[PDB]
Amino acid sequence: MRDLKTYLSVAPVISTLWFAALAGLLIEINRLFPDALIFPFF
Amino acid sequence: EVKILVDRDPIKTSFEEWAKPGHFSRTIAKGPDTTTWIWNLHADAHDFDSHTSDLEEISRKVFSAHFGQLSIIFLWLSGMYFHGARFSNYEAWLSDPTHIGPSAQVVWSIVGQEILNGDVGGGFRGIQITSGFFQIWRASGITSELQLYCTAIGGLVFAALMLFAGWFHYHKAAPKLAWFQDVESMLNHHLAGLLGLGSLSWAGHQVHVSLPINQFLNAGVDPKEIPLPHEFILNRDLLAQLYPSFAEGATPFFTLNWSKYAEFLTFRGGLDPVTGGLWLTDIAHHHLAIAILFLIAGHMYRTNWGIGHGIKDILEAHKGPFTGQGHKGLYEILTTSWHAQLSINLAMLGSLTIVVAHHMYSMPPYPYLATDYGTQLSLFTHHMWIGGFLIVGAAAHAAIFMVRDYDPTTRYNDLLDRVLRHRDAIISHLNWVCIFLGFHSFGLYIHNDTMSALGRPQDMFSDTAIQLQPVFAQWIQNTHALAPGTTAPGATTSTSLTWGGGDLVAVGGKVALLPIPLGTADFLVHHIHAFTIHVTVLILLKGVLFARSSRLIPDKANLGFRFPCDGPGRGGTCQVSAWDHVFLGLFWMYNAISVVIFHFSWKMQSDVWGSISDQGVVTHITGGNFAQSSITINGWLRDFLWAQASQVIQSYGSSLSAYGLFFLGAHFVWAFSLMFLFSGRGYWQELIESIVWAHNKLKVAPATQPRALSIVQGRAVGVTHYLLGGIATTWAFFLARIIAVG
Amino acid sequence: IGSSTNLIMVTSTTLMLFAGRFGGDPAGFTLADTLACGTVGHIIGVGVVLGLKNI
Amino acid sequence: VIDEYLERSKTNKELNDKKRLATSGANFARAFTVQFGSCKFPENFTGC
Amino acid sequence: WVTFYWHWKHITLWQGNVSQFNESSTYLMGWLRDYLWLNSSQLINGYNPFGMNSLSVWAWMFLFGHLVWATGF
Ligand code: CLA
Ligand code: CLA
Ligand code: CLA
Ligand code: CLA
Ligand SMILES: CC1=C(/C=C/C(C)=C/C=C/C(C)=C/C=C/C=C(C)/C=C/C=C(C)/C=C/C2=C(C)CCCC2(C)C)C(C)(C)CCC1
Ligand SMILES: CC1=C(/C=C/C(C)=C/C=C/C(C)=C/C=C/C=C(C)/C=C/C=C(C)/C=C/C2=C(C)CCCC2(C)C)C(C)(C)CCC1
Ligand SMILES: CC1=C(/C=C/C(C)=C/C=C/C(C)=C/C=C/C=C(C)/C=C/C=C(C)/C=C/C2=C(C)CCCC2(C)C)C(C)(C)CCC1
C-alpha cells in the first residue's frame with residue numbers, strides 16, 4: 001500500500017488526474033451555462 | 001535435443017520498484033540532479049541490451065513486450081468492433097451501399113461541435129469513416145449487430161488472456177536461453193502452424209459461411225430475410241439447392257475426382273460486375289491452395305528426428321561461382337544478436353507492405369470498394385507511409401548491430417569482411433548514379449518549364465514535341481492483356497483491368513476500373529521515383545558501412561552509436577554518427593513517399609475515376625489533364641496544389657470544417673520544427689541563465705536546475721515535428737478533397 | 001476398388017516405400033521414415049492421377 | 001436466390017426500412033439521450 | 001507581416017470593396033484564402049499548355065524564388 005501510494009504521487013499520474021478533473025469541471029460549467037461573452041451578473 | 005526448459009519464479013511481483021523511477025539503470029536510479037535526468041529516463045527505457053549483458057533476460061523481456069503489444073492490438077480491435085456495433089449505420093448501409101456513406105462515430109453536443117455530425121445518409125448523422133471496415137464486414141457475411149457485439153466481447157476476452165500470458169511468462173515460468181535459440185522448430189511451427197492452418201481455417205469459413213450469404217445478398221434478397229449462417233451447416237437441403245456439389249458430400253475429395261467441386265472453386269479471374277470486386281470463389285480457392293503450399297513447406301527443417309534439413313549445414317555446404325565458401329559463420333551471428341533479425345524483419349515487412357498497397361489498389365478484393373474512392377486513397381497512402389517507416393528503421397537497426405555487436409575475432413564472416421574492404425567503390429558508384437539520375441530527371445522538367453515560358457511549346461519533352469515513351473512497360477502491358485488467350489488457358493480473363501486491353505467495369509453509375517494508359521509523364525515520374533529511392537539508399541548505406549571507422553575518424557566505434565560530434569577540430573566533425581545518417585534519411589523517405597502519393601492521387605483522379613451517363617460516355621473528375629499539365633513544375637503547382645485545395649479552404653461552416661482546421665494546424669507545427677533545426681544549444685542555455693537569475697530574485701528557484709536540451713534531443717524533436725506536420729497536412733488535404741468531390 | 005486411380009496410387013505408395021526402405025527392424029526404419037515415404041508417395045500419386053485425368 | 005426469398009422480400013419490403021430507420025435513430029440518440037431528458041441523473045445506475 | 005498587412009489593406013481599398021478586409025482579417029483562414037489563394041490565380045497563369053502572356057516572366061521568377069528557398073534548407 002505504501003509503494004502503491006508513492007507511485008500514485010508521481011508527477012505524470014498526479015498531472016493527468018488534476019487535468020482530467022479540471023477538464024471535467026470546465027466542460028460541466030460550459031454545459032450548465034452554454035454561451036458566455038461578457039460578465040452579466042453585475 | 002528439442003525440449004521445454006523454464007525457470008520458476010525468476011522475479012517477484014511487487015510495487016516497490018514502481019515507487020523509484022529509473023530502476024533499470026544505476027546512473028538513472030541514483031537520482032535527479034538536473035532536468036536532463038528526466039529526458040534520459042524515457043530514452044533508455046526500452047534499451048534492454050544496455051541494462052544487462054545476459055541474453056536470457058533480454059529474451060524474456062522481449063517475449064513479455066510482445067505479449068503486451070498483442071494485448072493492446074486486441075483491445076484496439078475490440079474497440080473498433082464495439083463502435084461498429086453500437087454507434088453506426090451499418091444496417092442502413094447494407095441495403096443501399098452505393099448511396100449511403102459509412103459512419104461509425106458520433107460527436108457530443110457540448111460546445112457547438114454538433115456541426116461535425118454530417119448527413120452521411122440512412123437516417124443517421126455522424127463522421128464519415130474511411131477505414132474500410134464495412135466492406136470487410138459485408139465480405140465476412142455479417143448482417144446484424146449482435147454478431148459484432150459478440151466479436152467485441154471475444155476481443156476483450158482475448159486481450160485479457162494475452163495480458164495474463166505475458167505476466168505468467170515473465171514472473172512465473174520464464175523460458176531458458178536454449179528455448180529461444182531453437183530456430184528450426186520455430187520456423188516449422190510458424191510455417192506449418194501459424195500460416196497454413198490459419199489460412200485453411202479461413203478458407204473453410206469462406207466456403208461454409210461467406211459464399212452462401214454473399215450469394216443471397218447479390219441475388220437481391222433483403223438482409224433481414226437471409227437465413228442465419230448456422231442454418232446452412234444444419235440444413236444440407238439449403239446448400240444442395242444453392243450448390244448441388246455438396247449433395248455428394250466429402251466423397252469426391254477422397255475419390256480424387258475434384259472436378260465436381262467446380263461450382264464454388266473457380267479460376268475465372270477479373271472483377272465481379274455486381275459489386276466491382278474479385279470473385280469469392282477465387283479467393284477461397286486461393287486460400288485453399290496457399291494452405292496446402294504452406295503445410296507442405298512447413299516440414300523442411302530437422303527437429304528432434306532423423307528426417308529434415310540443418311540450416312547451418314545448408315549455409316556451410318553452399319558453393320558457387322561468385323560466392324565461394326561464403327556463408328560459414330552467419331548462423332552464429334543470426335542466432336546471437338537480436339538487432340540483425342530486427343533489421344531483416346523490418347525491411348521485409350516494409351517491402352511486403354508496399355507490395356500489399358500496390359496489389360490492393362490494383363485488384364479490389366472487397367465488394368463495393370472500388371467505387372468508394374476515399375477508402376482506396378486512405379488505404380494506399382497509409383500503407384505506403386508504414387512501409388517507408390519500416391524500411392527506414394531497418395537500416396538504423398543494422399547500424400546498431402554493426403556498431404555494438406560486431407567482433408571479427410570470435411565470430412568471423414568472410415562476406416562481411418569482403419564487403420567492408422571495398423566500401424569506397426560502392427559509395428562512389430552510388431554517388432555517381434544518384435547525381436546522374438537527379439540531373440537528367442530534374443533537368444527534363446526545368447527544360448520543359450523554360451521552353452514553355454519562352455513561347456516555344458515545340459521544343460519540350462512532351463507527347464507532341466519530343467516523345468519519350470515507356471516502350472518496355474507498354475510491351476509488358478500488351479503481353480499481360482494477351483496472356484489469358486494462349487499463355488494461361490485456365491483463366492477466362494486477365495487478372496486485372498489495369499493492363500491495356502479489355503473492357504470497362506463500372507458499378508452503380510460510377511467507374512470501377514479501366515485500362516490505364518502510359519506516356520511521357522509516367523516515364524518522367526518513374527525516373528524521379530528511381531532518383532529519390534537511389535538517394536535514400538545511398539544515405540542509408542553510407543551510414544551503415546562507415547559506422548565502425550572512417551578515414552577522418554579512425555576510432556569512431558569507441559564513441560558509440562549516439563554521439564553528437566567529435567569536436568570543432570579537423571575542420572568540423574558535426575553529424576558523423578550513424579544516428580545522424582538515419583535522421584538525415586528520414587527527410588528523403590518523407591520526400592519520396594510524398595511524391596509517390598501525389599503522383600498516384602493525380603493520375604487516379606485524372607485517368608481512371610469518374611462517372612458514366614446512360615448513353616455511355618465517361619466524364620473523369622479532372623477531365624484528363626494529367627498528360628499535358630504534369631510535364632512542368634508550374635503545372636504541378638497550379639493544376640494540382642492550387643486547383644484541388646479549393647475544397648479544404650472553403651469547408652468552414654460545414655461538416656468538413658474540422659479537416660480545414662487541421663489543414664492550418666499541421667502547417668503551424670511544420671514551422672515550429674524549424675526552430676529546432678536552425679539553432680544551437682548555447683544560446684538557449686545563456687537565455688535560461690538570465691531566466692534562472694530572475695527566478696532566483698523571488699525565491700522560486702527549483703532544486704532541479706533547468707538545462708537546455710541536448711543536441712541529439714533537439715535534432716530528434718525537429719525531425720519529429722517536421723514529419724508530423726507534413727503528414728498531417730497531406731492527410732487533411734487528401735481527405736477533404738476526396739470527401740467533398742467523391 | 002479396382003479403379004485406375006486406386007491402382008496408380010497404391011503402386012506409387014508401395015514403390016516409394018520400397019525405395020525408401022533401402023537406398024524393431026533389421027535396418028533402422030522408424031515410424032517417421034514410413035510416414036514421410038507414404039506422404040511423398042501420396043503426393044506423387046495425386047499429381048500423376050490429376051495430370052492423367054487432365055490429359 | 002431461389003426467387004422465394006426474393007418474393008418474401010417483395011412481400012415484406014415495407015417495415016424493413018422502418019426497422020432500419022429506427023435502428024439508425026436509436027444509434028444516433030445513444031449520444032443525445034441526456035440532452036433529450038431521458039436517462040437523467042436518476043436511473044443511470046445499471047442503465048443505458 | 002508588415003508588408004502583407006499593407007498590401008492587403010491597400011489592394012482591398014483600391015478594388016472598391018473594403019468589407020472583405022474588414023470581415024476576413026479577424027481569422028487566419030481568411031488571410032490564407034482571401035489574400036494568397038485568390039490573388040495568385042492571375043500570377044500562376046503566366047504560361048499554360050495553351051499559351052502565355054506578358055506576366056510569364058514574373059511567373060518564372062516566382063518558381064525560381066521557391067527553388068532558392070528550398071536550397072537554403
Ligand atoms: C539536365 C538535363 C538537360 C538535358 C538533357 C537538356 C537537353 C536539351 N536542351 Mg535543355 N536545359 C536544361 C536541362 C537539360 N536540357 C536546363 C537546366 C536549362 C536551363 C533552364 C536548359 C535550357 C535550355 C535552353 C536555353 C535550350 C535547351 C535546349 C536543349 C537541347 C540542346 C542540346 C544541345 O545542343 O547540346 C547537346 C550537347 C552535347 C555535347 C551532348 C553531350 C552528351 C553526350 C551525348 C554524352 C553521352 C555520353 C556517352 C554515353 C559516353 C560513353 C563513353 C564510351 C563510348 C566509352 C537538348 C535537347 C536547346 C533547344 O533549343 O533544344 C530544342 C536550347 O536552346 N535547354
Ligand atoms: C503451432 C503453434 C504455434 C503458434 C500458433 C504460434 C504463434 C505465434 N507465435 Mg510462435 N512459437 C512456437 C509455436 C507456435 N507459435 C514454438 C514451438 C516456439 C518455440 C520455438 C515459438 C516461439 C515464438 C516466439 C519466441 C514468439 C512467437 C510469437 C508468436 C506470435 C506472433 C505474433 C503474430 O504474428 O500475430 C498473430 C496473432 C495471433 C494468431 C494470435 C492468436 C493466439 C495464438 C493462437 C495463441 C496460441 C499459441 C500457442 C503456441 C498455443 C498455446 C500453448 C499453451 C496454452 C500451453 C503468434 C501468436 C511472437 C509473439 O508475438 O510473442 C507473443 C514471439 O515473440 N513464437
Ligand atoms: C518494430 C519495432 C521496433 C522496435 C521494437 C525497436 C526497438 C528499439 N529501437 Mg528502433 N526503430 C524502428 C522500429 C523499432 N525499433 C523504426 C521503424 C525506426 C525508424 C524511425 C527506428 C529507429 C530507431 C532509432 C533512431 C533509435 C532506435 C532505438 C531503439 C531502442 C530504444 C527504444 C526506445 O527507447 O524508445 C522508447 C520510446 C520513445 C523514446 C518515444 C518517443 C516518442 C515518439 C518518437 C513519438 C511518436 C508520436 C506519435 C506517433 C504522434 C502523436 C502525438 C501525440 C502523442 C500528441 C529499441 C531497442 C534507439 C536506441 O538507442 O537504440 C540503441 C534509437 O536511438 N530505433
Ligand atoms: C530543393 C532544394 C534542394 C536541392 C536542389 C538539393 C540538391 C541536392 N541534394 Mg540536398 N538537401 C535538401 C535540399 C536540396 N538539395 C534538404 C532540405 C536536405 C535535408 C538536410 C538535403 C540533404 C541532402 C542529403 C542528405 C543529400 C543531398 C544530396 C543532394 C544532391 C543529389 C544529387 C543530384 O541530384 O544532383 C543533381 C542536381 C540537381 C538535382 C540540382 C539542380 C540542378 C538543376 C538541374 C540545374 C542545373 C542547371 C545548370 C547546370 C546551371 C548553370 C547556370 C550558371 C552557369 C549561372 C543535390 C546536390 C545527396 C548527395 O549529395 O549525393 C549525391 C545527399 O546525399 N541533400
Ligand atoms: C474474428 C475475430 C475473432 C474470432 C475468431 C474465430 C471465431 C476463430 C475461429 C477459428 C476456428 C474455428 C478455427 C478452426 C481450425 C480448424 C483446423 C485447423 C482444422 C484442421 C483439420 C485437419 C488438419 C484435419 C486433418 C485430417 C485429414 C487431412 C484427413 C482425415 C483425418 C483428419 C481429419 C485428421 C476473435 C473474437 C477471437 C478476436 C477478434 C477477431
Ligand atoms: C496484417 C495485420 C493485421 C491483421 C492480422 C490478421 C487478420 C491475422 C489473422 C490471423 C489468423 C486468421 C490466424 C489463425 C490461426 C489459426 C490457428 C493457430 C489454428 C490452429 C488449429 C489447431 C491447433 C487445430 C487443432 C486440431 C483440431 C482442433 C482438430 C483436428 C486435430 C488438430 C490437432 C489438428 C492487423 C489488422 C491486426 C494489423 C497489423 C497487421
Ligand atoms: C510390410 C510389413 C508390415 C506392414 C507395414 C505397413 C503397412 C506400413 C505402412 C504403410 C503405409 C502405406 C503407410 C502410409 C500411409 C499413408 C499416409 C501416411 C498418407 C499420408 C497422406 C497425406 C499426409 C496427404 C496429404 C495431402 C492432402 C490431405 C491433400 C492433398 C495434398 C496432400 C497429398 C499433401 C507389418 C508391420 C504389418 C509386418 C511386417 C512387414
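Criteria and thresholds
Residues numbered from 1 in each chain as written, not as in the entry; some residues may be left out. Chains lettered and ligands numbered in written order. Part of a larger assembly, values for the part shown. Heavy atoms only, no water. Residues with missing side-chain atoms left out of burial classes, pairs and counts. Contact = heavy atoms within 4.5 Å. Buried area = accessible area lost by both parts, 1.4 Å probe. Salt bridge = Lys/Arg side-chain N within 4 Å of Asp/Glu carboxyl O. Polar contact = N/O pair within 3.5 Å; in protein donor to acceptor, adjacent residues only side chain to side chain. Helix = DSSP H or I, 4+ residues; strand = E, 2+ residues; numbered from the N terminus. Nonpolar A, V, L, I, M, F, W, Y, C, P; charged D, E, K, R; others polar. Donors = N, O, S within 2.8 Å, 3.2 Å for Na, K, Ca; no water. Pairing = 2+ DSSP bridges. Near = heavy atom within 4 Å.

- What the entry reports as its method is cryo-EM, with 3.13 Å given for the resolution.

1. Comments concerning the interface of chain B and chain D
- With 30 residues of chain B in contact, the opposing surface of chain D contributes 20 residues.
- Summing both sides of the interface, chain B and chain D together bury roughly 2,100 Å²; the carbon and sulfur share of this comes to 62%.
- Contact with chain D buries area across many residues of chain B, yet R86, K224 and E225 of chain B alone supply 22% of it, more than any other trio.
- Summed over the shared surface of chain B and chain D, the result is one salt bridge.
- Between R20 of chain D and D222 of chain B there is a salt bridge, with its nearest N and O atoms 2.7 Å apart.
- For the interface between chain B and chain D, the tally reads eight residue pairs in polar contact.
- For the side of chain B that touches chain D, the secondary structure elements donating two or more residues are helix 6 (90-95), helix 10 (183-219) and helix 12 (236-242) of chain B.
- Its residues assigned to classes, the side of chain B that touches chain D comprises 13 nonpolar, 10 polar and seven charged.

2. Observations regarding the coordination of the magnesium atom of ligand 1
- Exactly one donor from the protein chain reaches the magnesium atom of ligand 1: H447 of chain B (ND1), at 2.7 Å.
- Within the secondary structure layout, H447 of chain B lies in helix 20 (residues 423-453).

3. Regarding the pairing of strand 6 (residues 510-513) of chain B
Residue and element names in this part refer to chain B.
- The pairing of strand 5 (residues 505-507) with strand 6 spans three bridges and is classified as antiparallel. Following the sheet pairing, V505 is matched in strand 6 by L513.
- Here strand 5 hands over to strand 6 after two residues, with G508 in that stretch at a positive phi of 65°.

4. Re the site of ligand 4
- Looking at ligand 4, there are 13 residues lining it, with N431, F439, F531 and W588 of chain B together with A70 of chain E nearest.
- Residues near ligand 4 are shared among chains B and E, making this a multi-chain site.
- For the shell around ligand 4, the elements supplying multiple residues, two or more each, are helix 20, helix 23 (520-545) and helix 25 (578-607) of chain B together with helix 4 (56-72) of chain E.
- The leading source of residues in the shell around ligand 4 is helix 20 of chain B, at five residues.
- Classifying every residue of the shell around ligand 4 by side-chain character gives 10 nonpolar, three polar and no charged.

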